[PDB]
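Visitor: Below you'll find the sequence and an experimental structure to go with it.
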Amino acid sequence: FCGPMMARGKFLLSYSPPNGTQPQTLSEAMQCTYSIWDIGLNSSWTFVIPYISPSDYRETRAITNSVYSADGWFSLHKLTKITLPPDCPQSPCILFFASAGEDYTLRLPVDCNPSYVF
Amino acid sequence: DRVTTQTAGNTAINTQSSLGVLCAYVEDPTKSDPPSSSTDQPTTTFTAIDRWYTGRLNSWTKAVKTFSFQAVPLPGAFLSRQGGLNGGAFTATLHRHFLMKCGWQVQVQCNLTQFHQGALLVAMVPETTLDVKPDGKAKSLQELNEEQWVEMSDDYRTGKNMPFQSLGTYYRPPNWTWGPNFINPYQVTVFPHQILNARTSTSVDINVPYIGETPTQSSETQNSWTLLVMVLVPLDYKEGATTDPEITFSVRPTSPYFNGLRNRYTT
Amino acid sequence: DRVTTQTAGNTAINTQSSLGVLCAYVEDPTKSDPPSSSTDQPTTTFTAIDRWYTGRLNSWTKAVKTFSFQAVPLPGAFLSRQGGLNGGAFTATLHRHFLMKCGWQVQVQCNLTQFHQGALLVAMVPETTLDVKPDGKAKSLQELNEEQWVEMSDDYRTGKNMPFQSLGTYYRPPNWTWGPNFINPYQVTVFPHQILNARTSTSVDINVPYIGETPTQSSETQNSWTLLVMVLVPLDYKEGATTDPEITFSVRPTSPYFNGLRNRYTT
Amino acid sequence: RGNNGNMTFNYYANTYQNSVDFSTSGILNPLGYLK
Amino acid sequence: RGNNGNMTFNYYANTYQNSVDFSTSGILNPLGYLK
Amino acid sequence: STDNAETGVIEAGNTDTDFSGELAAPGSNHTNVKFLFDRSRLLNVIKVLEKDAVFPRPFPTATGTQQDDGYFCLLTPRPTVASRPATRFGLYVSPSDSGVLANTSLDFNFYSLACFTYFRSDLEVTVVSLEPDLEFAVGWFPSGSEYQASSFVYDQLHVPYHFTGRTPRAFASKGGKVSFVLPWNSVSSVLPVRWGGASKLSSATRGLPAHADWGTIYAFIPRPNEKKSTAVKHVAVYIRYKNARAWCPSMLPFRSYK
Amino acid sequence: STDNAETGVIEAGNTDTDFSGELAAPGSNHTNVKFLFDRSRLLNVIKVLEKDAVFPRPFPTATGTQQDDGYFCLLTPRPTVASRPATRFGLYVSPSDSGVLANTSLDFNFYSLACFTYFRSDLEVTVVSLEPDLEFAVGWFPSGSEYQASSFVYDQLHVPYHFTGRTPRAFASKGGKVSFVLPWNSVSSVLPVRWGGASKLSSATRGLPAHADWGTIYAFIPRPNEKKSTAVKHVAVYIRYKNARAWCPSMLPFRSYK
């Protein structure tokens, strides 16, 4: 959370497994796997997205979309609105990262995409 | 220190200004014995109903006077879905059992800033009919929306508007003056309570065991505990501050012992 | 001796002409390991889904020819409610999980008298699409009522009417002649089968473990086992006897390991 | 071992030639057990 | 050893095949150490 | 002897069980699953690439889409059509008509003794030419990959991208053959010979496994696109199931009575 | 969990760190640097010498200088132009114009997983022909040498000086290939994938390493200059990084969003 120090509020960090339709309501993401994140003295929250898969490995290139490549949606809801004190900038900025877990494993090197060099 | 994360099942919640889990009437209210008024094997807890059920509560303005309260019946909020509080795997099990018996562990969040003043009185009140209209029927979702806050009139202080059986045309109807499900608003702090002050905390932490006249009460009718958010000091803020802070509440049923499996409850 | 009562949960069933529980492919198919393709804690069995689920099957007349069969997909019968087979606490849990993994223990009752002749072939067929119409969609309740018995034509013996993806107007559509989900009706006894003869028994007892291409398959799509009641010798009776004996079946899911809790399945 | 007459010497190792399974942690039995 | 399935026998020596460095005199550590 | 076949277990007996005889010595074990499937057989006669091809678009396909049919060999004993896995097997009876005649393939020697449901084996592909003195090259891409379909210019010669790659492009010699054993690479634990589930959730075809394969090989002449000839060259694909394991006994195909 | 990403060290956690789960078994180690780069890939399609060539003069080059362009393969994953190491990589979009179209090369498969700065490996060169039944020969000269460019008369045949030498001139057979592993021969200890220094002191280009290479191979038909043909023959250069070691983690190229 890259906002001011005096800002408070709570954020809901809900990973949904693959369903027929992406959840939109806060009550539809509460039923999934979530974690309510608080703002305070610390300013980070490593939401470890679990590995829920019908196979031992998952595909990493959704050419034809299936349950072997797409593993459901991530969704960040604002649970309570951000209570800013007077004379503080409106609309703060949540900054996202993406690391890998301590058990993240890879397999089968394929050919790359030279689309960067064009 | 003041940062307590309470992992339960899969829904783990957090707070960074906690005051402490007010365990009520016992040391560990999670420990509970099976009922002695049943001979079948009770459906104990499992990892889909041992979790936190977060709902919403109505907002809190400057127009809220002193002692305007708002009651959440337990487990009456799971049936009527008060504040969007959907139980999921708990409501779909509580409709399929005749005797339910669980302790509750509630937690009301309300994030006041350091420039607001006002103090809620979040308390768990045993055995009241504060949701039920005086005609006999409980409030719907619109009736919990048209008013947003139940004002402490003379009828709630005395116990005059509690539901009753009409005597009929044979008797002469008396002047109803008292009834034992009153609120004494000056004495709500006898209950397991924590004050949600604007300058000490944003979340109160209450933990209550099972109490009741029978070793396990019914499922579709009981009103054992009742979450009771009462406004002691009214809200005040200078203009420009964050207006109308919302109130949530998170309910976790500790150690439920269902009995008497039957099909889904149809009146 | 031949009187075996099989108490499971609360729904205990009885039979007095049993031939023996045909445990398939292992000694004890109740014992099963948790899946290795999930990292969350699996919802194991509990005393509301460890029980016998009795449904109905279509009746059996003299107009039934040889090899006219009738398929019950498992757990496809719990979803579509084939024959009134309502799961109750099992269907309401299988709709809320993405990976299901259980073995089945079926039992088909059909009470022929000592003056009737005819023999069913009750078998548990792995991995067939016998319920699904060749357009791609499964049969409804009326389509399982307008015919009462699926006749073994050339399309079922060969594998020609199984569902397919249409090639489109770009390709020339071939003459479809074969497909690997055929029935060889002379070779259904390779499967775990018991003959429900008119003169030895009234109930067959099959017990199958979990098989499948993955250590746990999906819940709303899988067709691992398929109960397959096939008429080998047609029914015959002199006039005055009890006409059209009904067929039931009792299904008990042995050791289910659900995974991947989500909300109720909506397409 | 199947249709393999090379009793003596395997040049490539067992992981490269075959494909072993990663761990998680004469006599022909019948396929149906009457109990 | 890398992508080398020849566990048995190296014909050319280690100096001819590889290129060693002349002397002057499972567990994956992090790349940044907070101190 | 006096038995009960309604029970479902019939104990196999010798001549000495009912009569006065003896046993016979068990001679050979050629019914062993690891021994029976360990032999080569024709899978698909596929055509050889001469240019940067396009992988065939998924079904159903409307007209006008310029793709390349019958150039890819989906290494699966199950019925395929247009180098994609299918369910029904179709062959052409009056083929001399319009439309695009799709390449269909099936393992004929497999299903006659595929009396089981599940199957897992390391495939051994041999790619034998059907052309006098042809130098070709065999590509591959695993179960769960796709064909990289373009061409990068090398010295004003349009070299396609299927020369390079991390997947084995084995080059045949002039008059030689290609032979390399492929491991079990599918995301499934076993290959369902018979399948009744559905891979997708909506608009899924019941009985069509998405990734029950060993990938897809193809053949390509190792010359750039400017050296494209006109006459079409074929190549034959022989497969062998090394280290076969088969579970769950099942049926054999219906032999007709005519 | 509750962390601080401003600190710069974020400990990677499992599902069991925040939720009620467990670990997963580490299956494969295909992310190993010594394993990942140990595979062949196309580097440059270079033309084959037929006469005693001239090594291309250093940049900038004015017109009229009779040199030989696109005949030499500077064995480096970095961007090259006209067989000399460069910094910017350029390719031709409307190439059918005047001037001399310079040979540019780049290792496409390298930079997509060159997430590091420094790199050292013994190169394994394979020189595959792009000509039906060609007998050629592969020269080489190390990092810090130059091409001996003349011809000494042998029996009235102008044999060029790049037949002889102390550097490996590997002769291909007719229809055969060339394959020989080259050691790390550069004067630098490692090969900078990214470099910001300057090799010279005055008039130096920032970011152009002078001797970050494995030398330069070339191809030449092993006939004297009187047997020079007319049609230009090409040859392809495949390289493999044996015993790779990569230091100093860095960036990956910017994938566009269009």
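Guide: The structure has been received and is ready for your questions. Numbers count the residues shown, from 1 in each chain, chains lettered A, B, ... in the order given.
Visitor: State whether residue B:148 is indeed within a helix.
Guide: No - per DSSP: H, G, I helix; E, B strand; the rest coil, residue B:148 lies outside any helix segment and is coil.
Visitor: so how far is residue B:226 from it?
Guide: 18 Å (C-beta to C-beta, to the nearest Å). Heads up, the C-betas are built off the backbone N, CA and C, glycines and all.
Visitor: Could you check which of these two has the larger neighbour count?
Guide: Applying other C-beta atoms under 10 Å in any protein chain shown to residue B:148 and residue B:226 shows that residue B:226 carries more neighbours, namely 21 against 15.
Visitor: Which strand residues bridge that one?
Guide: Judged by DSSP bridges, the bridge partners of residue B:226 are residue B:73, residue B:125.
Visitor: Could you pull up the contacting residues of it?
Guide: Residue B:226 is in contact with B:71, B:72, B:73, B:74, B:124, B:125, B:126, B:127, B:128, B:130, B:131, counting by C-beta atoms under 8 Å, 6 or more residues apart in numbering or on different chains.
Visitor: Pick the one among these closest to residue D:34.
Guide: residue B:74 (53.8 Å; C-beta to C-beta).
Visitor: Next up, the contacts around the nearest residue to that closest one once chain neighbours are set aside.
Guide: For residue B:74, ignoring the flanking residues on the chain, the nearest one in space by C-beta to C-beta, 6 or more residues apart in numbering or on different chains is residue B:225 at 4.8 Å. Residues in contact with residue B:225 (C-beta under 8 Å, 6+ apart) are B:74, B:104, B:124, B:125, B:126, B:208, B:211.
Visitor: Any quick PyMOL command for the buried ones out of those?
Guide: Buried residues within the contacts of residue B:225, by 16 or more other C-beta atoms under 10 Å in any protein chain shown, are selected in PyMOL with:
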select buried, chain B and resi 74+104+124+125+208
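Visitor: hey, where'd the helices end up in the chain?
Guide: No chain specified, so I'll use chain A. Taking DSSP state H as the test, the helices found in chain A are A:26-30.
Visitor: Actually, chain F is the one I wanted.
Guide: So, for chain F - with DSSP H - the helices run F:15-18, F:33-36, F:108-111.
Visitor: Give me the contacts around the first one.
Guide: Going back to what we said before, that points to helix F:15-18. So helix F:15-18 is contacted by F:1, F:21, F:22, F:23 (C-beta under 8 Å, 6+ apart).
Visitor: Can you get me the centre-to-centre distance for it and its chain?
Guide: 45 Å (C-alpha atoms, centre = their mean, to the nearest Å).
Visitor: Over to the second one?
Guide: Centroid separation for helix F:33-36 versus its chain: 18 Å, with C-alpha atoms, centre = their mean.
Visitor: would you turn the helices of chain F into TSV with mean neighbour count and distance to residue C:180?
Guide: Formatted as TSV, the helices of chain F follow (neighbours: other C-beta atoms under 10 Å in any protein chain shown; distance: least, C-beta to C-beta, whole Å):
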stretch	mean neighbour count	distance to residue C:180
helix F:15-18	10	37
helix F:33-36	17	18
helix F:108-111	16	7
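Visitor: out of the ones you listed, nearest to residue F:64?
Guide: helix F:108-111 (34.5 Å).
Visitor: Any part of the closest one near chain D?
Guide: No - for helix F:108-111, no contact with chain D is found by C-beta under 8 Å from any C-beta of the partner chain; the gap never falls below 14.8 Å.
Visitor: which other helices and strands contact that helix?
Guide: strand F:41-49 (3 or more C-beta pairs under 8 Å, 6 or more residues apart in numbering or on different chains; DSSP states H and E).
Visitor: name the helices or strands packed onto the strand it packs on?
Guide: strand F:72-74, helix F:108-111, strand F:216-220, strand F:234-249.
Visitor: Right, I'll call it a day here.
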